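Visitor: Submitted below is the structure of interest, expressed as structure tokens.
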Amino acid sequence: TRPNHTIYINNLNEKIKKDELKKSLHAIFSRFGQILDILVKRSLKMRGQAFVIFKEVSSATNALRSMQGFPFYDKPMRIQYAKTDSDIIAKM
RNA sequence: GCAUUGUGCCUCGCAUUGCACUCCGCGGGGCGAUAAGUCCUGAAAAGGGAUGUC
Ligand SMILES: Nc1nc2c(ncn2[C@@H]2O[C@H](COP(=O)(O)OP(=O)(O)OP(=O)(O)O)[C@@H](O)[C@H]2O)c(=O)[nH]1
Ligand SMILES: Nc1ncnc2c1ncn2[C@@H]1O[C@H](CSCC[C@H](N)C(=O)O)[C@@H](O)[C@H]1O
Ligand SMILES: [Cs+]
């Protein structure tokens, strides 16, 4: 899948509260650069998954490559590139 | 306080590995509380449920 501004993460611990799951993800991936938003819902379609929207695709790539399979909340993170640009990016 | 309702949150059981920004699994239970909010007020960046009826 082609490099993107947004990394799509899944195999996440569905039992983590939404507000808390976001600030973790943020605090964690801010290592690899600046973050424009994190999209997270705990709906049936969107639980266990998250969208981290980087400012620069370089950041996302280093994030994808470094944090792949990382032990996060007793599960190994599965990180791909998003299949499409996030809305906040296309409006630019 | 009772009716209807928008919008999101938390928990438990079963279920779910799911590509979103067009956003609600089923079922118990608990929620105006800026927590959140996809809903509302305001053109000013912030703020907040609403109509009804004692
Ligand atoms: N019967 C009746 N009781 C009310 C009403 N509003 C508040 N109460 C009383 O208020 C208690 C609940 O508190 P709240 O509803 O939070 O009061 P509030 O938010 O200031 O209510 P409002 O003044 O109507 O905006 C209840 O036990 C009621 O007895 C009302 O409109 N009718
Ligand atoms: N945003 C909010 N903050 C706090 N409590 C809320 C709330 N939205 C709804 N409630 C609670 O839910 C009650 C309405 S019942 C509505 C539940 C929900 N819309 C559903 O369809 O499943 C309110 O009287 C209060 O008990
Ligand atoms: Cs529920």
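Here's how to read the names in the structure tokens: chain A, B, ... by the order shown, residue numbers from 1 in each chain, ligand numbers from 1 in the order shown.
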Quick one: residues within 9 Å of ligand 3, with only C-alpha atoms (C1' of nucleotides) and all ligand atoms, as a PyMOL selection string?
Guide: chain B and resi 11-12+27-29
Visitor: Next, write the just-selected residues to a file, as a PDB file, in the first residue's frame, keeping N, CA and C atoms (P, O5', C5', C4', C3', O3' and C1' of nucleotides) as the atom set.
Guide:
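Wrote it out as result.pdb, contents follow:
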```pdb
ATOM      1  P     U B  11     -15.349   1.816  29.946  1.00  0.00           P
ATOM      2  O5'   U B  11     -16.424   0.959  30.737  1.00  0.00           O
ATOM      3  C5'   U B  11     -16.284   0.757  32.130  1.00  0.00           C
ATOM      4  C4'   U B  11     -17.438  -0.037  32.666  1.00  0.00           C
ATOM      5  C3'   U B  11     -17.641  -1.412  32.056  1.00  0.00           C
ATOM      6  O3'   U B  11     -16.786  -2.396  32.611  1.00  0.00           O
ATOM      7  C1'   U B  11     -19.709  -0.274  32.199  1.00  0.00           C
ATOM      8  P     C B  12     -16.311  -3.640  31.706  1.00  0.00           P
ATOM      9  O5'   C B  12     -17.483  -4.719  31.820  1.00  0.00           O
ATOM     10  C5'   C B  12     -17.895  -5.253  33.069  1.00  0.00           C
ATOM     11  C4'   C B  12     -19.192  -5.988  32.917  1.00  0.00           C
ATOM     12  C3'   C B  12     -19.234  -6.981  31.769  1.00  0.00           C
ATOM     13  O3'   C B  12     -18.692  -8.243  32.102  1.00  0.00           O
ATOM     14  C1'   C B  12     -21.140  -5.606  31.689  1.00  0.00           C
ATOM     15  P     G B  27     -31.325  -4.317  20.894  1.00  0.00           P
ATOM     16  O5'   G B  27     -31.425  -4.939  22.349  1.00  0.00           O
ATOM     17  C5'   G B  27     -31.632  -6.324  22.488  1.00  0.00           C
ATOM     18  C4'   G B  27     -30.906  -6.866  23.687  1.00  0.00           C
ATOM     19  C3'   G B  27     -31.071  -6.095  24.972  1.00  0.00           C
ATOM     20  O3'   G B  27     -32.357  -6.229  25.542  1.00  0.00           O
ATOM     21  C1'   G B  27     -28.840  -6.824  24.760  1.00  0.00           C
ATOM     22  P     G B  28     -32.833  -5.138  26.608  1.00  0.00           P
ATOM     23  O5'   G B  28     -31.803  -5.376  27.784  1.00  0.00           O
ATOM     24  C5'   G B  28     -31.715  -4.473  28.848  1.00  0.00           C
ATOM     25  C4'   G B  28     -30.969  -5.092  29.987  1.00  0.00           C
ATOM     26  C3'   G B  28     -30.540  -4.091  31.032  1.00  0.00           C
ATOM     27  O3'   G B  28     -31.576  -3.770  31.919  1.00  0.00           O
ATOM     28  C1'   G B  28     -28.688  -5.362  30.418  1.00  0.00           C
ATOM     29  P     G B  29     -32.208  -2.312  31.797  1.00  0.00           P
ATOM     30  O5'   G B  29     -31.155  -1.470  32.642  1.00  0.00           O
ATOM     31  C5'   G B  29     -30.726  -2.029  33.872  1.00  0.00           C
ATOM     32  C4'   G B  29     -29.380  -1.550  34.339  1.00  0.00           C
ATOM     33  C3'   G B  29     -29.152  -0.062  34.339  1.00  0.00           C
ATOM     34  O3'   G B  29     -29.829   0.621  35.368  1.00  0.00           O
ATOM     35  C1'   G B  29     -27.251  -1.124  33.485  1.00  0.00           C
TER      36        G B  29
END
```
Visitor: Applying 7 Å and only C-alpha atoms (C1' of nucleotides), which residues near residue 47 in chain A remain after dropping the ones on its own chain fewer than 5 positions away? List them as a list in words.
Guide: residues 14, 41 and 42 of chain A; 18 of chain B
Visitor: List all protein, DNA and RNA residues that have any atom at most 12 Å from ligand 1, counting only C-alpha atoms (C1' of nucleotides) and all ligand atoms, and write the list as a list in words.
Guide: residues 1, 2, 32, 33, 49, 50, 52, 53 and 54 of chain B
Visitor: Just write the chosen residues, C-alpha atoms (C1' of nucleotides), as a PDB file, in the first residue's frame.
Guide:
```
ATOM      1  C1'   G B   1     -41.027  16.228  38.170  1.00  0.00           C
ATOM      2  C1'   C B   2     -43.271  13.551  33.837  1.00  0.00           C
ATOM      3  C1'   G B  32     -25.370  17.396  30.920  1.00  0.00           C
ATOM      4  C1'   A B  33     -21.020  16.044  32.783  1.00  0.00           C
ATOM      5  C1'   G B  49     -28.782  19.761  24.857  1.00  0.00           C
ATOM      6  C1'   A B  50     -33.840  20.782  23.000  1.00  0.00           C
ATOM      7  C1'   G B  52     -43.675  20.206  25.581  1.00  0.00           C
ATOM      8  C1'   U B  53     -46.286  20.504  30.390  1.00  0.00           C
ATOM      9  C1'   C B  54     -47.176  21.148  36.224  1.00  0.00           C
TER      10        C B  54
END
```
Visitor: Quick check: residues of chain A within 6 Å of chain B, only C-alpha atoms (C1' of nucleotides), returned as a list in words.
Guide: residues 44, 45 and 46 of chain A
Visitor: Store the residues picked out above in a file with N, CA and C atoms, as a PDB file, in the first residue's frame.
Guide:
```
ATOM      1  N   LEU A  44     -18.919  -0.395  16.361  1.00  0.00           N
ATOM      2  CA  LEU A  44     -18.681  -1.771  15.929  1.00  0.00           C
ATOM      3  C   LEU A  44     -17.772  -1.819  14.706  1.00  0.00           C
ATOM      4  N   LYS A  45     -17.908  -0.834  13.806  1.00  0.00           N
ATOM      5  CA  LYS A  45     -17.065  -0.779  12.621  1.00  0.00           C
ATOM      6  C   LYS A  45     -15.680  -0.247  12.940  1.00  0.00           C
ATOM      7  N   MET A  46     -15.553   0.578  13.972  1.00  0.00           N
ATOM      8  CA  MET A  46     -14.342   1.366  14.126  1.00  0.00           C
ATOM      9  C   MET A  46     -13.608   1.093  15.410  1.00  0.00           C
TER      10      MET A  46
END
```
Visitor: DSSP on the backbone: which residues in range 7-51 of chain A end up as helix (DSSP H, G or I)? Give the answer as a list in words.
Guide: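 Listing helix (DSSP H, G or I) positions across range 7-51 of chain A yields residues 18, 19, 20, 21, 22, 23, 24, 25, 26, 27, 28, 29, 30, 31 and 32 of chain A.
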Visitor: Excluding residue 20 in chain A and residues on its chain fewer than 3 positions from it, collect all residues at most 12 Å away from it, counting only C-alpha atoms (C1' of nucleotides), and give them as a VMD selection string.
Guide: (chain A and resid 13 to 17 23 to 27 38 40 to 42 73) or (chain B and resid 35 to 36)
Visitor: Put those residues in a file: N, CA and C atoms (P, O5', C5', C4', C3', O3' and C1' of nucleotides), as a PDB file, in the first residue's frame.
Guide:
```
ATOM      1  N   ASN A  13      -6.296  -2.634  21.584  1.00  0.00           N
ATOM      2  CA  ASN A  13      -7.046  -3.158  22.731  1.00  0.00           C
ATOM      3  C   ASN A  13      -8.407  -2.467  22.817  1.00  0.00           C
ATOM      4  N   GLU A  14      -9.443  -3.121  22.282  1.00  0.00           N
ATOM      5  CA  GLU A  14     -10.805  -2.588  22.298  1.00  0.00           C
ATOM      6  C   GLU A  14     -11.313  -2.175  23.672  1.00  0.00           C
ATOM      7  N   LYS A  15     -10.697  -2.643  24.742  1.00  0.00           N
ATOM      8  CA  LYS A  15     -11.193  -2.292  26.061  1.00  0.00           C
ATOM      9  C   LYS A  15     -10.656  -0.962  26.573  1.00  0.00           C
ATOM     10  N   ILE A  16      -9.845  -0.249  25.793  1.00  0.00           N
ATOM     11  CA  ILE A  16      -9.312   1.039  26.214  1.00  0.00           C
ATOM     12  C   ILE A  16     -10.330   2.118  25.891  1.00  0.00           C
ATOM     13  N   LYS A  17     -10.608   2.983  26.874  1.00  0.00           N
ATOM     14  CA  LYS A  17     -11.514   4.121  26.717  1.00  0.00           C
ATOM     15  C   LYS A  17     -11.047   5.043  25.605  1.00  0.00           C
ATOM     16  N   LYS A  23      -5.158  10.109  23.489  1.00  0.00           N
ATOM     17  CA  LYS A  23      -4.015  10.850  24.013  1.00  0.00           C
ATOM     18  C   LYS A  23      -2.766   9.964  24.110  1.00  0.00           C
ATOM     19  N   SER A  24      -2.935   8.659  24.350  1.00  0.00           N
ATOM     20  CA  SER A  24      -1.827   7.721  24.211  1.00  0.00           C
ATOM     21  C   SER A  24      -1.241   7.787  22.819  1.00  0.00           C
ATOM     22  N   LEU A  25      -2.040   7.390  21.834  1.00  0.00           N
ATOM     23  CA  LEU A  25      -1.635   7.434  20.438  1.00  0.00           C
ATOM     24  C   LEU A  25      -0.959   8.741  20.110  1.00  0.00           C
ATOM     25  N   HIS A  26      -1.533   9.854  20.559  1.00  0.00           N
ATOM     26  CA  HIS A  26      -0.905  11.127  20.249  1.00  0.00           C
ATOM     27  C   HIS A  26       0.480  11.216  20.878  1.00  0.00           C
ATOM     28  N   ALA A  27       0.533  11.115  22.213  1.00  0.00           N
ATOM     29  CA  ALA A  27       1.787  11.209  22.956  1.00  0.00           C
ATOM     30  C   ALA A  27       2.843  10.275  22.397  1.00  0.00           C
ATOM     31  N   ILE A  38      -6.105  12.852  15.320  1.00  0.00           N
ATOM     32  CA  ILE A  38      -6.284  11.419  15.508  1.00  0.00           C
ATOM     33  C   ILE A  38      -7.772  11.155  15.521  1.00  0.00           C
ATOM     34  N   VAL A  40     -10.693   8.426  16.145  1.00  0.00           N
ATOM     35  CA  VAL A  40     -10.908   7.195  16.894  1.00  0.00           C
ATOM     36  C   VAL A  40     -12.363   7.170  17.300  1.00  0.00           C
ATOM     37  N   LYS A  41     -13.055   6.096  16.934  1.00  0.00           N
ATOM     38  CA  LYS A  41     -14.384   5.759  17.412  1.00  0.00           C
ATOM     39  C   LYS A  41     -14.294   4.348  17.943  1.00  0.00           C
ATOM     40  N   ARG A  42     -15.221   4.005  18.832  1.00  0.00           N
ATOM     41  CA  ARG A  42     -15.322   2.686  19.429  1.00  0.00           C
ATOM     42  C   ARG A  42     -16.568   1.973  18.962  1.00  0.00           C
ATOM     43  N   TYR A  73      -0.735  -1.819  24.934  1.00  0.00           N
ATOM     44  CA  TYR A  73      -1.895  -2.237  25.716  1.00  0.00           C
ATOM     45  C   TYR A  73      -2.162  -3.720  25.547  1.00  0.00           C
TER      46      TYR A  73
ATOM     47  P     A B  35     -15.036  19.372  31.120  1.00  0.00           P
ATOM     48  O5'   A B  35     -14.487  17.941  30.677  1.00  0.00           O
ATOM     49  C5'   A B  35     -15.040  17.341  29.511  1.00  0.00           C
ATOM     50  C4'   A B  35     -14.731  15.873  29.365  1.00  0.00           C
ATOM     51  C3'   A B  35     -14.711  15.394  27.924  1.00  0.00           C
ATOM     52  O3'   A B  35     -13.464  15.630  27.301  1.00  0.00           O
ATOM     53  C1'   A B  35     -16.019  13.916  29.233  1.00  0.00           C
ATOM     54  P     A B  36     -13.384  16.457  25.933  1.00  0.00           P
ATOM     55  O5'   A B  36     -14.394  15.699  24.970  1.00  0.00           O
ATOM     56  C5'   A B  36     -14.085  14.382  24.548  1.00  0.00           C
ATOM     57  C4'   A B  36     -15.283  13.661  23.989  1.00  0.00           C
ATOM     58  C3'   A B  36     -15.984  14.343  22.841  1.00  0.00           C
ATOM     59  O3'   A B  36     -15.303  14.143  21.622  1.00  0.00           O
ATOM     60  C1'   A B  36     -17.587  13.563  24.391  1.00  0.00           C
TER      61        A B  36
END
```
Visitor: Please report, as a PyMOL selection string, each residue of chain A to which DSSP assigns strand (DSSP E or B) when run on this structure's backbone.
Guide: chain A and resi 6-10+35-39+50-54+71-72+75-76+78-81
Visitor: Would you work out the distance separating CA of residue 71 in chain A from CA of residue 12 in chain A, expressed in Å to one decimal?
Guide: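 Going from CA of residue 71 in chain A over to CA of residue 12 in chain A, I get 9.7 Å.
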Visitor: So that I can check the surroundings of residue 47 in chain B, please list as a PyMOL selection string every protein, DNA and RNA residue that reaches within 10 Å of it, counting only C-alpha atoms (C1' of nucleotides) and ignoring chain neighbours fewer than 5 positions away.
Guide: chain B and resi 34+41-42
Visitor: Considering only C-alpha atoms, can you say which of A:4, A:62, A:49, A:11 comes closest to residue 82 in chain A?
Guide: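 Between A:4, A:62, A:49, A:11, the residue approaching residue 82 in chain A most closely is A:4.
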Visitor: At what distance in Å, to one decimal, does CA of residue 28 in chain A lie from CA of residue 70 in chain A?
Guide: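 Those two atoms sit 11.0 Å apart.
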Visitor: For residue 5 in chain B, which of B:39, B:44, B:51, B:26 is the closest residue, counting only C-alpha atoms (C1' of nucleotides)?
Guide: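 Ranked by minimum distance to residue 5 in chain B, first place goes to B:51.
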Visitor: Please compute the CA of residue 34 in chain A-CA of residue 86 in chain A distance, one decimal, in Å.
Guide: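 Going from CA of residue 34 in chain A over to CA of residue 86 in chain A, I get 15.4 Å.
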Visitor: Which residue gives the smallest distance to ligand 2 among B:14, B:22, B:31, B:3, with only C-alpha atoms (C1' of nucleotides) and all ligand atoms counted?
Guide: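 Counting only C-alpha atoms (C1' of nucleotides) and all ligand atoms, the residue closest to ligand 2 is B:31.
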